[PDB]
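In what follows, a single structure is set out as structure tokens and then discussed.
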Amino acid sequence: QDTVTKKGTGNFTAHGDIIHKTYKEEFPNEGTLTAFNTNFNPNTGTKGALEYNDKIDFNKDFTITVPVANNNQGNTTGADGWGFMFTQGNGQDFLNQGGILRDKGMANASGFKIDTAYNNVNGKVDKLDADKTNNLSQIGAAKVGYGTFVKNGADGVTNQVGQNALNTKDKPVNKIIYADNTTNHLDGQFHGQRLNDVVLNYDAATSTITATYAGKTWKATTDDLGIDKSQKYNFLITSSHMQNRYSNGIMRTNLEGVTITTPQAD
Ligand SMILES: [Ca+2]
């Protein structure tokens, strides 16, 4: 099958807390990495998005690949995670309303999240984080989170949709160990603080998105996500760091290896 690919800073628009720089000792194999959440402010928290400049057409196949490197922080102090979000709205709306990583964000937004935080506002826990059976039971110092597709309702409220992870023995099923203390660049164990690909592979014939990350696979249909295949969508890569957290929540990608690949056929 012949495909076309767009990538890199020329094809994404930054919104909010996004910077670019080298990390020579920690990522000597890499060029310019793109960092979210570096504007640290425990009074407000922070957030950022990268918005793809072209529309997503859910009547045709696509594969989206995003290299991510997670903060090496426990789930009560680090960043909220990564939200790979499809929406009729834009990055400006996201800065205004929020995304898919918390309790509520942009109305009708949907997509895949890597949730790296146990979010608790004075004893009120984000609903999906409180799901000890499917999602999350290790809280505090653990660098433990979870993956899942999600859909924001007409009211913005985030709900879990699609399938639980399809190829795992982990308990909870959706678990992701998103970082550890390894600094070795060659070691072949999975290390979520190093760069690892998120792959979103959409099959138009079956209306199904497959998400692969950390060797785990999730699936959701356009019907699960509320996606109208007759309408073109925007795609955003999002991250955020909650207020009242007192160490860095820096989350990084390599934008020149963020690829949006589609058939050359119409
Ligand atoms: Ca969370």
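We count ligands from 1, going down the list as the structure has it; atoms in each ligand are counted the same way. Sequence positions, counted from 1, serve as the residue numbers for this chain.
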Return yes when at least one N/O/S atom of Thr116 is nearer than 3.0 Å to the Ca ion (ligand 1), and no when none is. no

Any N/O/S atom from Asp80 (main chain or side chain) under 3.0 Å of the Ca ion (ligand 1)? no

Mark yes when over 12 heavy atoms from residues, nucleotides or ligands other than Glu25 sit less than 6.0 Å from its CD; otherwise mark no. no

Distance under 6.0 Å and angle within 45° of ring axis: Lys21 vs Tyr23: yes

Taking 3.0 Å as the cut-off, does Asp126 contribute an N, O or S atom near the Ca ion (ligand 1), distance below it? no

Angle subtended at the Ca ion (ligand 1) by OD2 of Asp129 and OD2 of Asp115, to 10 degrees? 130°

Do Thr182 and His191 come close enough that some side-chain heavy atom pair is under 4.5 Å? yes

Is the Ca ion (ligand 1) under 3.0 Å from any N, O or S atom of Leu101? no

Over 12 foreign heavy atoms within 6.0 Å of NZ, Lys171: no

Is a side-chain donor or acceptor of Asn174 paired with a backbone partner of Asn164 at a separation under 3.5 angstrom? no

